[PDB]
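Down below is the structure, laid out as structure tokens.
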Amino acid sequence: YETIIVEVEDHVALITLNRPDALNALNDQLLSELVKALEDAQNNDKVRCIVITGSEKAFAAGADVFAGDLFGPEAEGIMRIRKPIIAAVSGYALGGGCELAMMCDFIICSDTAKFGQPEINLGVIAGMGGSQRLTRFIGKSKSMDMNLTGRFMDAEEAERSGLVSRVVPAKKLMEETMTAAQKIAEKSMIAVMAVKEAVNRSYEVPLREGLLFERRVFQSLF
Amino acid sequence: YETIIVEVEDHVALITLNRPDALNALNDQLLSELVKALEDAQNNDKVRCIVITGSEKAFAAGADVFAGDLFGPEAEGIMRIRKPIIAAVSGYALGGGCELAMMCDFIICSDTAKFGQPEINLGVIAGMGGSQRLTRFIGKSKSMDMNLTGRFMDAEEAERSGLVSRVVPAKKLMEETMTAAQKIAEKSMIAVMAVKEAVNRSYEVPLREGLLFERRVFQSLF
Amino acid sequence: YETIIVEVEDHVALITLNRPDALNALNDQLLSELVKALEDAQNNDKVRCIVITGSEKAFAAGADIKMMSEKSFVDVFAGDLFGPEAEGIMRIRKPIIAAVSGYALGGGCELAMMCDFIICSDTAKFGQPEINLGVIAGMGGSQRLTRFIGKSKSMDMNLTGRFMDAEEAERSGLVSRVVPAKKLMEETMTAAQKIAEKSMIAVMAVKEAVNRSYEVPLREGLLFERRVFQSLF
Amino acid sequence: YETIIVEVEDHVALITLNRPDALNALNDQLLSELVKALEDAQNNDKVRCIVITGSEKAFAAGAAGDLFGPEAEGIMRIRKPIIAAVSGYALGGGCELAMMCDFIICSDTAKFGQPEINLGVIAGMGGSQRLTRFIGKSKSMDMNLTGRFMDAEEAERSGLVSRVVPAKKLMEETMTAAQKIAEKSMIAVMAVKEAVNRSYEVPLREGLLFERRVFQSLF
Amino acid sequence: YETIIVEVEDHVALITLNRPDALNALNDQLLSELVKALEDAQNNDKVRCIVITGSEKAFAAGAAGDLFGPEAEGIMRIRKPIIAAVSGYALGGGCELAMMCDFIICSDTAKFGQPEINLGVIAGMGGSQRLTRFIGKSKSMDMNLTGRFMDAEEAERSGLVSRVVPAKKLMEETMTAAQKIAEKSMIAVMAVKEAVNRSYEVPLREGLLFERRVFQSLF
Amino acid sequence: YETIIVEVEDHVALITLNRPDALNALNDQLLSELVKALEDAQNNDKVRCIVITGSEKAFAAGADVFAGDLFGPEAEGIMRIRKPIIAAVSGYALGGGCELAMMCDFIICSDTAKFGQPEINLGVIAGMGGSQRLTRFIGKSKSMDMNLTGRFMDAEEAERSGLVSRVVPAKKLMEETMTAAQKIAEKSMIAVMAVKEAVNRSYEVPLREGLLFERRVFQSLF
């Protein structure tokens, strides 16, 4: 790989974005390699949890069209992974970088994390879920504000609003995340995949139907 | 009843879970008696609000299958109650106990409350809404984390994330809760049932349709 | 206008509710003028962002009881009480910021939630006390509150009528920003000017895409968003 | 039961509405006893398929407390399959009961309709919902607004019923279908019914996922 | 009006599209006048049912600013019922207008289609949405992709229309239906139409709750 | 390919199922080759419309599971194709073969066509959309009947119920289908993809939202 680093240590695959010259901004090559790295991790029977991270400075600072379906296949590639993916976010996670963090299953971030959707500054909009996942996760006011004004959201507000699960000091981010990934790697792999799928039903079906789906999956784990 | 205590005063039915040796864990008998007590309260024209609580130590610490539809009819019994149900949560509300609290209309909890969904530790998953209600109420990151790692959530995080409405000191929990229940009992019973049903549409229909439902129900109160 | 004031400056239409004797309670006249003013702002190519505010004491302290009294079911159903007014606000394609100070209660809380986002002062108090009158929220208080802040707090507010202060509103996601009372309008007009600096097509597209979040499954919302993103080319 | 007859043979429960002098109009007693007999059939390990029918003249010709709520919910919660064998009139609540069943076999004399509008009310047990989803907006709007009847051949052509047979073959056709269903795996049959019913509650993409997960669990 | 004719008689408003030289094709002015006439009929306490029709030759043969949005919203907001009486061509915009009405009665000369693909665009007023939901994926996909026509017999067989009658009976059949609707409670008629239209917006379980609550309020 | 034949002529890719001794039953090899042929047709800028057909006798007469997601990847490969696919059905289209015909964008069939879902006879159910697409396309009674009893549906009933668009004599099936495919090949490729995508929204979103999506796609075709 030329834009990412992949390390497999004791059932956890760690994928580190590696474009320091561009503060880990997404591009065609990085997105292509990331999806490949994720697909290899999914097919690797030893991998039980995935972690995506960037640098202390930036998780990822930013990033015809209809026939090529720009941004479609990459989003699909990540969403198809059945194993869990934790985003470990330090510093900037902006634009596509914020959207990548929200596509992961949950976020653990450092107290320096800064989130934002500044696409409007370029005359376009979020194109990988910034108008959709942000709103569902943190509520209309904050998502509308962020998407319309481009304002940033700090780690404390991110935790307070439900964008992230845990905030820890920058020096403890990787320790917190790998401990969580290890703990997930201790669980039944079938149950882990079922949990992820059931949780993700929450944004696709009426609650009454999501309860039925959950109960049938629960019963099948017997 | 053998596993619960029921007291009706001033239009409030207080249902207390009473399995102290199991820390109020939900079993067949308790769920069966709980549903019966709720149905009696629904059919009791003197009851205007229901409260469910456990002990100071635990609200509730935890909880063939296809043909018997394990956990289906119990959940449906609780969800069909039209009168409002407040959960007064002290100490542990884990697994099925967390799920019961989330099935109530809102939660008031003490500062000692601890929530969690540790079903994954047994190779199964939440089977009474833990993957559905938790996600919809507090957002993807915290619900994914809780369901995948089994981590607990303390009272302060529960209020900050929207899982509970109010947190009060341990010694004020029942005073705070009963005063809320008595405020509800002062209101029109028809309007209270309409309120609860309208709010619950929020997780079943698109917003445009929920707005139409609310307005038609509002009009019917004339 | 009799009950509101409209001032356009730097591509921002500021609409100020002006029934101070009544703490800016909504009534038939105010709602009619408000919707007219929003439609004018929508058709005004000078306007790129809208701001609604009340007084320092009250954004809007409720809805006038006379809007509902003296009416039968046939009246309110055949007339579709509160339907046209809500639809008139929701159809506006330009963004609307609510600058909330003091009381935003009942219909006034619902108005703030129909806006695209809220900036409030640290004196703001929100609530849905309709249940105190034997009725319920009729302009989205049972729907938007629940979806934005979660079931527990919405159920509690709609059933008990309890208030929510500015700090809890921000912590629960009801509002985007809380500032001191002295900076409320400066914070809000600066955000509105920032929005007015952007492409008007992209701004309307952002607002429409965000609002899909409450109408379609996420998978379909993602498809809609990507097709609109692509159409901006 | 005073108003219904229940007969169990070859793992099929035949439930006959027994108010023929009222053309099997659904009153409080019939509806209560119908739900009770359905619940008994569900809890009866010998029953694997259910059939509901009325008389040759009428399947069922018309009809805080949540009026009509509990009855509809009681029918909808039955997990075993229910076939409606419809002869003659199926009107109002009777048409709605037929549509609540999993599918309809009807005789060529069957007549469907929703004439609730004639009384100043509307369908209150699914006539505005199931009819529209099953046969399309034009015919459902027309039936609900004008009260017009739909005959057996139009019912099959529009998808309201699955099969039309001569009046003298109705029970033979239906009991043969029901007996065949009752020979199948009970778990798979309940799974089939549940998956099919997802079609009206979830987006197709999600219904596909549900169906595939249920299919897999049958392993 | 310059593009339409409006006649009110015996509680029925008849709106006739009148662009003979364009075979009643929809344009800015016609849609503007149609919405205005519909809104006047909504506000006219004398009108209880609306009918839209064109000529014997054509119902309607075709068609930042949100092109085609506000007019569609204006038609969809009408609470009183609207019957489309379709003779001859109902194509493109004209097929979409007919589907936006509450139900269709058509002559045996009616011809439906969505030929927008021929111009390098697509249906823009519901032809990809209502057609599919009313008649099924296969025929809607075929019609929208190939531009093929659908005759009156196929329209009734597939559920696109409620009734097909001879050309000379179209207006009599339609005005009789409109008169029957005008005999009913206006509150119940508005409720019925709104309940039926829930069928395409909510899960069935929720549509049933909505219907039951509106039914109960009609007391 | 070993189980299918693929021929591109005049912007139409004809894919013929070719397991005649098995009456074109779907197996792992055929589904793998079919998906490959579809993806190649999608990436082939000369292809504007796809046709799938079998033999005169049968289109297709029939055909660990959770971790491998049995039948998921195959269904998803067919559904992601953006160009249109016509099913030309003669003779038997049963089980997985009926489901394959329903996954295509529309069906033209001969008067000898026979459809059915006999999975229930094996103790399983439809696992590739037979419980979902059949019901949505032709109504609850006929779908419930077919799925519970395994009864066949003949060509006339298929057209009458909306399962197929057109029925023609056996000798005219391929002529009718290729002429339809040529008509589609004459159209704008971007508008053809938009039509198919807009039509398919009909089964995923509320009608009001599908109208919004349709109008925005219509506008962008400018």
Legend entry - With eigenvalues of the C-alpha gyration tensor scaled by 5 and rooted, chain F, Å: 25, 21, 19
Legend entry - Under Karplus coefficients 6.51, -1.76 and 1.60, residue-wise ³J(HN,Hα) of segment D:173-180 in Hz, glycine/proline x: 4, 6, 5, 5, 4, 5, 5, 5
Inset, instruction - Per DSSP H run of n ≥ 4, the term is -39500 (n - 2.57); total these for chain F, divide by its residue number, and report the mean residue ellipticity at 222 nm rounded to 500 deg cm²/dmol. - result: -12500 deg cm²/dmol
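Sort largest first and round to whole Å: the equivalent ellipsoid semi-axes of segment B:47-88, each the square root of five times a Cα gyration tensor eigenvalue. Display every interim value, and only then the final one.
On the way: eigenvalues 118, 63, 4 Å².
After scaling each eigenvalue by five and taking roots: 24, 18, 5 Å.
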Legend entry - Hz values of 3J(HN,Hα) by residue in segment C:218-231 - Karplus curve (6.51, -1.76, 1.60), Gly and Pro given as x: 3, 3, 6, x, 5, 5, 4, 4, 5, 5, 6, 3, 5, 5
Inset, instruction - Tell me the GluC sites (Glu not before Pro) within segment C:1-60 that lie in a loop according to DSSP and have at most 16 other beta-carbon atoms within 10 Å. - result: C:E2, C:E56
Legend entry - 3J(HN,Hα) from dihedral phi, segment C:15-31, Karplus parametrisation 6.51/-1.76/1.60, rounded to Hz, x for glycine, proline: 10, 10, 5, 10, 10, x, 4, 9, 6, 6, 4, 5, 9, 4, 5, 4, 5
Legend entry - Share antiparallel - DSSP beta bridges, segment F:65-214, percent rounded to 5: 15 percent
Legend entry - Among C:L184, C:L218, C:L159, residue whose mean-square fluctuation peaks in a GNM of chain C (springs only between Cα atoms under 10 Å): C:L218
Inset, instruction - Place a +1 charge on the Cβ of each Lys and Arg in chain A and a -1 charge on the Cβ of each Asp and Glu, then give the dipole magnitude about the Cα centre in debye, rounded to the nearest 20. - result: 840 debye
Inset, instruction - Go ahead and estimate [θ] at 222 nm for chain E from helices alone: -39,500 (n - 2.57) per DSSP H run with n ≥ 4, summed, over the residue count, rounded to 500. - result: -13000 deg cm²/dmol
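In what sequence do D:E206, D:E194 fall when counting other Cβ within 10 Å, fewest first? Working shown, then result.
Working: D:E206 22, D:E194 17.
Fewest-to-most ranking of D:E206, D:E194: D:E194, D:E206.
Mind checking Rg over Rh on the protein assembly as shown, alpha carbons, Kirkwood formula for Rh? Could you put the intermediate results ahead of the total?
Working: Rg = 30.1 Å, Rh = 32.0 Å.
Dividing the radius of gyration by the Kirkwood radius yields 0.94.
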Legend entry - Along principal axes, Cα extents of segment F:95-170, largest first, whole Å: 35, 21, 20
Inset, instruction - With a bin width of 5 angstrom, please list the P(r) values of chain D as percents of all Cα-Cα pairs, from the 0 bin to the one holding the largest distance. - result: 1, 7, 15, 19, 20, 18, 12, 6, 2, 0, 0
Inset, instruction - Pick out, from B:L23, A:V8, C:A61, the residue whose Cα sits farthest towards the positive end of the charge dipole of the protein assembly as shown, with +1 on the Cβ of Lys and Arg and -1 on the Cβ of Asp and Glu. - result: C:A61
Inset, instruction - With r as the distance between the Cβ atoms of D:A64 and E:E73 and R0 = 30 Å, compute the FRET efficiency 1/(1 + (r/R0)^6) and round to 0.05. - result: 0.20
Inset, instruction - Compute the projected area of the convex hull of the Cα atoms of segment E:81-159, averaged over all viewing directions, and report it in nm² to one decimal place. - result: 4.5 nm²
Inset, instruction - With label points built 7 Å along Cα→Cβ from the Cα atoms of A:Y1 and C:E167, find their separation and express it in nm. - result: 4.4 nm
Inset, instruction - Would you mind ranking F:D21, B:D105, A:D69, C:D75 so that the residue whose beta carbon has the fewest other beta carbons within 10 Å leads the list? - result: F:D21, C:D75, A:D69, B:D105
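For a quick check: sort E:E173, D:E96, E:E153 by the number of other beta carbons within 10 angstrom, fewest at the front.
Working: E:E173 18, D:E96 27, E:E153 12.
Sorted ascending by nearby Cβ count, the order is E:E153, E:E173, D:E96.
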Inset, instruction - Considering only C:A104, C:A124, C:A205, give the residue with the highest GNM mean-square fluctuation for chain C, with springs between Cα atoms whenever their separation is below 10 Å. - result: C:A205
Inset, instruction - With 10 Å bins from zero, work out the P(r) of segment B:110-222 over every alpha carbon pair and list the percent per bin. - result: 12, 30, 32, 22, 4, 0
Legend entry - P(r), alpha carbons of segment E:91-219 - 10 Å bins starting at zero, rounded %: 12, 35, 32, 19, 3, 0
Legend entry - Charge dipole of the protein assembly as shown about the Cα centre (unit charges at C-beta), most positive-ward option of B:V217, E:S87, E:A178: E:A178
Legend entry - GNM top mover of C:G83, C:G138, C:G106 - chain C, alpha-carbon springs below 10 Å: C:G83
Legend entry - Amide H contacts under 5 Å for B:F106, placed H, 5+ residues apart: B:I85, B:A87
Legend entry - Amide hydrogen neighbours beyond the local backbone of B:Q117, cut-off 5 Å, H modeled: B:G95
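Out of the DSSP beta bridges found with both residues in the protein assembly as shown, what percent are antiparallel (nearest 5)?
Of the beta bridges lying entirely in the protein assembly as shown, close to 30 percent run antiparallel.
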Inset, instruction - Quickly work out the B:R80-to-F:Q42 label distance, labels modelled 7 Å from Cα along the C-beta direction, and quote it in nm with one decimal. - result: 4.6 nm
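Neighbour counts run over all protein chains shown; Cβ positions are idealised from the backbone, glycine included. Where a number appears in this text, it was derived from the coordinates with a stated rule and is not lab data.
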